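Heads up, the chain below is alone and in the form deposited in one PDB entry; it's given as structure tokens.
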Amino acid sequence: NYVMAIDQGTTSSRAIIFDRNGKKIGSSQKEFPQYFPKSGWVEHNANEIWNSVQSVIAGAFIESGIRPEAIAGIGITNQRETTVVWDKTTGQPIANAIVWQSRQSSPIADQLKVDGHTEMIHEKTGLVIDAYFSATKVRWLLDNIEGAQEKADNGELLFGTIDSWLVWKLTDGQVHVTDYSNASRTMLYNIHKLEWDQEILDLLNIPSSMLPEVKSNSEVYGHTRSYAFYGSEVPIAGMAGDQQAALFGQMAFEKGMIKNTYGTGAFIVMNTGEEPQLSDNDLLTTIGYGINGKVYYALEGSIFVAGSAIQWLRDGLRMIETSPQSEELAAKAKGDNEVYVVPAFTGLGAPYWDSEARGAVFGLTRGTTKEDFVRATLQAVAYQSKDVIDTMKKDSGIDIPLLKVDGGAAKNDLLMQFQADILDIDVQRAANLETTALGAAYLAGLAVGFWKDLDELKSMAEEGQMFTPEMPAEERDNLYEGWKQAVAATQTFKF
């Protein structure tokens, strides 16, 4: 009667039990520790990630009353790029996972750019050389953890993005698999030919004995053998990197269809059908998902720092008491809107890909208030999303009249209205802001035949909220122009 989704996020994990109608019948959420050993580094402990996941599985069962034997399948979805390396026999990570947020491995990406590898790597993976992606993280771990390169060389070490790490734990070590969307983010996988790339692996000295089998996004990978499911061998049947799962949960199945998820980072992903579309040094060409013997590619713009800028306001400046306070403060801003925050703490993501940029603020006067400051900080995401979406218009030739939206931070009505005004395009927000987890559930539920099809269409389609652009061209243009100026000035600070 139900499908469980596990959504293993950057700051928290969640498990959600959905029924045949696509409705939430049970759920549990648990934060886990974030580690910053040096500025610019972000790590997680993959065991503490795994316990967070055990906790929410058990929690969703405990609170709902539902037991494992009622679950038709499990979908898994996850913060992408984040890299685990673990000993195959003891199942222990050789060190902390390194988060997609981290830039600890940036020297290794810099050297790759120095040695001339840009276009080769972009033509195989669709990606920009950067420490965002898993390849340099696996190289970092092989360079810096004593003994590890030799073990990997001896076949004793496994690599996994978090999806892979989860299925391995959930099967108690039986299955080492990743799906095409997560593999496409490692910068080790050739997204054209659909295989791990030997040349990139030899170049970074990564033995291929580390690597999981890659499979589609909707098939039974294996069955649980695990405490919180115990005794049921529940099929693990749906897997996608979170931003692709969101793309899926949006039903963005046709070429051109685009969503943005507003969370710790924000990720604009457009389905480009069964063929990949050309790059530049601006968007990423990536894999949406593989299902029904077909692979759908996607174009993506990545905005690394979005809701985590709010967390900085809370934690770093202590300007706000909690993160929900940002929305109240910002609603109360009285300034002309001439302050701009460009919270690019770790570098600017799409369409700039400038790793050396850091966060900056512009247009401050003696009248600037806490409220003005918080609002500017929120609006950065909507402006950079425009940067992205206009680039995708240019790169796609595809005019875009509808942006679908989801993610915890999409709950802010004024932000969503600003986003539509600034874009001059309609913005439709999902009823259930966790379409990430729904997308994983849909993939799992199709695999095990809980749902027969994609055209069990928007059968289920509860969702609505439409934000229609109501800002005149003049205002919208002056706003965006100040943003572009702020970004160009941010880029000139290269100390």
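Residue numbers here begin at 1 and follow the sequence given. So that the term is clear: the rigid core is the largest set of C-alpha atoms that superpose within 1.5 Å between two forms.
Omitted from view is the form deposited in another entry, to which the following refers.
Only one of 330, 142, 258, 210 has its C-alpha shifted by 2 Å or more between this form and the one not shown once the core is superposed, and that residue is 330. When two forms of a protein are overlaid on their rigid core, residues whose CA moves 2 Å or more are considered shifted, and residue 396 is not one of them between this form and the one not shown. Residue 361 shows a C-alpha shift of 2 Å or greater between this form and the one not shown [criterion: core-superposed Cα displacement of 2 Å]. Relative to the superposed rigid core, the position of the CA of residue 175 differs between this form and the one not shown by less than 2 Å. In the other entry, the Cα positions of residue 177 and residue 61 lie at least 3 Å nearer to each other than in the form displayed.
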